[PDB]
Every structure is written in C-alpha cells, then in structure tokens.
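Visitor: Before anything else, here's the structure in question.
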Amino acid sequence: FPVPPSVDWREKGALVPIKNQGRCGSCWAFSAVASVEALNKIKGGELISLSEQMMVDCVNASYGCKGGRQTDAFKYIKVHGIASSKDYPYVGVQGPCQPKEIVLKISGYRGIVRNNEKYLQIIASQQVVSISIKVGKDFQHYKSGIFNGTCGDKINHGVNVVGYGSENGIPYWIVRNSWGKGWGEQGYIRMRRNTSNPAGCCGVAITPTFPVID
C-alpha cells in the first residue's frame, strides 16, 4: 500500500480540540473516542466532539474511572452508539448511564499485527489509531521535541496516533494525549518511530486498534 512519508490528520480537520480527562482513569474512553470522531469525519461526516462521559458511565464491560478497554468502547458504540459532548459533557466522575441523542454508531473494530511499526504506519496513513503505551515519569514530564525518554514497566495509558513524520531524519509518531492543551506540544507528544525494539517507543506498536464504519 503506497505510504506517504508524513501524515497529520489535524491538518485534514479530523481532530477536535484536545481534551482533559482529569483525575479519572478514563484514558481507555478518550483513546477510543478520538479514533471514532476522526473516522466519522474522514469518511465524509461532520467533525463532532463525542462523549467520553457516556463511555465511562455506560460501558459496563469497563470500569469507569477505574480503567477500561478501548475495545469495550468500540463494541458499545457499534451496538448502542454515542452521544455528543454537547449533550453529555465530561465531568470526570462515573455516574448513571444517561440517555441522550445518538450521533452515530460504528460497524466494528480491527487490530494490527503486534509489534509492527510499519503496519501501524499503513493504518495511520488512513485514519487515527488507538494505541496503548507504558507511561512513566519521563513521559509524564515531556515538554517538547521528539521523545526518546525511558518508559514505564506496564502498559497503562491509552492514547492515539494522529500522524507521523520526521525531523532532521529522525522519524516520529504524532501522539494525541488527554491531559489538556498545557501538556507537551499543545497536548500532543512526538515519540520516536521505527525503534530497534519492534514493540516501538514505550510499546506504541504492541496493541493498536481502530474502529470501522459501514
């Protein structure tokens, strides 16, 4: 599959502004939701901010502010759909599953073969990808540049690949986080790409997933 050398889905109007999950352990929901929002736009829909709060409150296979799985959210959005952030705002605390207008459903999700950054790049060239990484103190303290710091010891944080590129010949992934616009490069981190360890930087390539529509 012909692969462009750089991609940035933000330049294509496929990312809503950076959000902030607060103290709640809802990264799984933010990582699933951003991929769904982007795909809806990429496939010819309008860009709409969608409700992570609805996922936290309604996806009983996951654990609300106690952690969860991007794929649990994808399954829920396929069957039951998802409401807008406007109708179901984020409060950062689990509450009852509240009924609101459904914006959209998806049709399913897929994974990528594990530990294959070039396969991740192929999907990333086509849409936003959900990924799971091993965050430790160096990642938490990231401010700018291409991150090459140390990593945590356990997969513990869900984020998104929104593109990729290179700077002075050093390749990177553009990674969306859910820690507000004041963290990193306006809420994003560029992480080193094509590392010798096939798991990728802090495990970016271990378990990528992405929604499908139609």
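Visitor: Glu185: net charge of surrounding residues, Cβ under 15 Å, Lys/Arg +1, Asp/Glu -1, itself excluded?
Guide: Its environment carries a net charge of +3.
Visitor: Could you tell me the center-to-center distance, by alpha carbons, between region 70-97 and region 144-214 in angstrom?
Guide: Here the two parts' Cα centres lie 24 Å apart.
Visitor: Going 7 Å from the Cα of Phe1 in the Cα-to-Cβ direction, what parts of region 90-116 have a backbone nitrogen less than 18 Å from that spot?
Guide: 107-116
Visitor: Using a 4.7 Å cut-off between beta carbons, which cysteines in the chain end up with no partner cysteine at all?
Guide: Those would be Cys27, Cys201, since no other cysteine Cβ in the chain comes under 4.7 Å of theirs.
Visitor: Right, another one. What Kirkwood radius, in Å to one decimal, follows from the Cα pairs of the chain?
Guide: Final number for the Kirkwood radius of the chain is 17.0 Å.
Visitor: Put a dot 7 Å past each Cα toward the Cβ at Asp153 and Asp87; how far apart are the dots in nm?
Guide: 4.5
Visitor: Another question, if that's okay. Based on the mean of other beta carbon atoms within 10 Å per residue, what is the order of 169-178, 6-15, most packed first?
Guide: 169-178, 6-15
Visitor: For the chain, what does the helix formula give at 222 nm: sum of -39500 (n - 2.57) over DSSP H segments with n ≥ 4, over the residue count, nearest 500 deg cm²/dmol?
Guide: -6000 deg cm²/dmol
Visitor: For the Cα atoms of the chain, what angle does the longest principal axis make with the long axis of helix 27-42, in degrees from 0 to 90, nearest 10?
Guide: Between helix and principal axis, roughly 90 degrees.
Visitor: With a 10 Å radius around each residue's Cβ, average the other Cβ atoms per peptide and rank 109-116, 29-36, 183-190, 151-158, highest first.
Guide: Ranked by mean Cβ neighbours within 10 Å, highest first: 29-36, 183-190, 151-158, 109-116.
Visitor: Once the piece of chain linking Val113 and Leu47 is laid out straight, how much longer is it, given 0.36 nm per residue of separation minus the C-alpha distance between them?
Guide: Extra length from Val113 to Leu47 when fully extended: 20.9 nm.
Visitor: What distance in nm separates the simple spin-label points at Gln140 and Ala61, each placed 7 Å from Cα in the Cβ direction?
Guide: The modelled label-to-label distance comes out at 3.1 nm.
Visitor: Please compute the net charge surrounding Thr71, taking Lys and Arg as +1 and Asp and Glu as -1 over other residues with Cβ under 15 Å from its Cβ.
Guide: Result for the local shell: +4.
Visitor: Pop the C-beta distance of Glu101 and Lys181 into the FRET formula with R0 = 30 Å and round what comes out to the nearest 0.05.
Guide: 0.60
Any read-out appearing in this document is the output of simple, stated calculations on the displayed coordinates, not a laboratory observation. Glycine gets a Cβ as well: all are built from the backbone with ideal geometry, and neighbour counts include every protein chain shown.
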